[PDB]
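Data block below; observations after.
Each reported figure results from applying straightforward, stated rules to the coordinates on display, with no laboratory input. Using ideal geometry, Cβ is built from the backbone for each residue, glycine included, and neighbour counts are taken over all protein chains shown.
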C-alpha cells in the first residue's frame, strides 16, 4: 500500500544492501550522484558508484538499513534509521577483527519519475557514533 | 557536554519554536538560507526569513520540535524528530478552526564557525502524515 516512489526506494535499498550490482546498476545513469554530505564525498555515474561500493563492501558479512520511518513528496523519498554493518575491520582501522557497528543515518533518494533512475542520493551519517563504537572494538 | 555546534543548534531551535524573533534574528544575516526541500520553498536573508516565520506562525498556540536524535560533523548539525503545532488552520486548508498536528521531520543547520551565524537550514518534513492527520480535523 506504499506509494510507487516509496516502492522504488525500497527496491534500490534492497539491491544496495544485498550487494546486488546487476540490479543496482539498473537505477543509475551517467549523471547519478551519490553524495555523503556528512563526509563531503561524491561518486558520480553508474561505473564510479558501483566501483566504490565494490571496494567498500568487499568481504562484508552483514549490511542492512534498518528503516524506522520513511516518507515522500513526489519523487523525493526520505528514510530515517540506522545502518548496521558487520565485517573484516582492516578498512575501519581494526585489522584481524570482525567489527560490528550500528550507524544512525538519514538517506534521501530522488528519482526521475519518467525513467525511474536515481538523480541524487544524499546520506547524512552519524560518524561520531561509529567512531565511538569502533574505539571499544 | 554536547559540542558547541549542537549547542548552537539547540539555541536556534529554542528561539524558533518560542517565536522569539529578537533572539532568533541574532543567528541570521543578509546571506542566510532557509530551504524546505519537501515544500520547494526557499527564503534568503534575515528580512525575508523573519517575515516568512512571522506570517506562518501568526496566532500559533503551541509549537515545538521534539528531537529524538541529534548529531554533527563539524559545522553541520542533523536533528531527527517530530514537529508539533497547534494553531489556526487557514494555511492548512481548515479555515476557522484550530488544527493540531505532529509531523516527523529532519532539520539540518549549518553554522559559520567564525561568527556562529546560520549559513543554511534545510527541512525535510513528512507532509503526507500531516495531511492524514488533518483528515479528522
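So, in region B:102-115, how many residues would count as being more than 14 Å from chain A (Cβ to nearest Cβ), without any contact (Cβ under 8 Å) to a residue 60 or more places away in the chain and touching a strand residue (DSSP E or B) at 6+ places or on another chain (Cβ under 9 Å)?
1
Within region B:26-47, take every residue that is crowded, with 16+ Cβ neighbours inside 10 Å and assigned to a helix (DSSP H, G or I) and give me the one that is nearest to the other protein chains (Cβ to nearest Cβ).
B:38
Could you grab me the full set of residues in region A:61-73 that are within 14 Å of the chain's Cα centre (by Cα) and away from chain B (no Cβ under 14 Å)?
A:62, A:63, A:64, A:65
Is there a residue being touching a helix residue (DSSP H, G or I) at 6+ places or on another chain (Cβ under 6 Å), surrounded by 15 or more Cβ atoms within 10 Å (Cβ to Cβ) and either at positive phi or part of a strand (DSSP E or B) (or both) anywhere in region A:89-101?
Yes; the residues of region A:89-101 include at least one that is touching a helix residue (DSSP H, G or I) at 6+ places or on another chain (Cβ under 6 Å), surrounded by 15 or more Cβ atoms within 10 Å (Cβ to Cβ) and either at positive phi or part of a strand (DSSP E or B) (or both).
When you go through (1) under 27 Å from residue A:80 (Cα atoms); (2) without any contact (Cβ under 8 Å) to a residue 40 or more places away in the chain; (3) away from every other protein chain (no Cβ under 14 Å) one by one for residue B:95, which number turns out not to apply?
(1)
Scan region A:123-135 and give yes if some residue there is surrounded by 13 or more Cβ atoms within 10 Å (Cβ to Cβ), in a strand (DSSP E or B) and away from chain B (no Cβ under 13 Å), otherwise no.
no
Anything in region B:69-98 that is under 21 Å from residue B:111 (Cα atoms) and touching a strand residue (DSSP E or B) at 6+ places or on another chain (Cβ under 6 Å)? List them, or say none. Break it down into steps so the answer makes sense when it comes.
Applying the first criterion (under 21 Å from residue B:111 (Cα atoms)) to region B:69-98 yields B:69-81.
Of everything in region B:69-98, those that are under 21 Å from residue B:111 (Cα atoms) and touching a strand residue (DSSP E or B) at 6+ places or on another chain (Cβ under 6 Å) turn out to be B:69, B:70, B:71, B:75, B:76, B:77, B:78, B:79, B:80, B:81.
Is one or more of the residues making up region B:48-55 more than 14 Å from chain A (Cβ to nearest Cβ), in contact (Cβ under 8 Å) with a residue 24 or more places away in the chain and either within 29 Å of residue A:103 (Cα to Cα) or over 11 Å from the mean Cα position of the chain (by Cα) (or both)? Give the steps one after another, and end with the answer.
At the first step, the residues of region B:48-55 found to be more than 14 Å from chain A (Cβ to nearest Cβ) are B:48-55.
Okay, now just the ones that are also in contact (Cβ under 8 Å) with a residue 24 or more places away in the chain, so B:50, B:53-54.
Pick out the ones that are also either within 29 Å of residue A:103 (Cα to Cα) or over 11 Å from the mean Cα position of the chain (by Cα) (or both) and you get B:50, B:54.
So far as region B:48-55 goes, yes, one or more of its residues are more than 14 Å from chain A (Cβ to nearest Cβ), in contact (Cβ under 8 Å) with a residue 24 or more places away in the chain and either within 29 Å of residue A:103 (Cα to Cα) or over 11 Å from the mean Cα position of the chain (by Cα) (or both).
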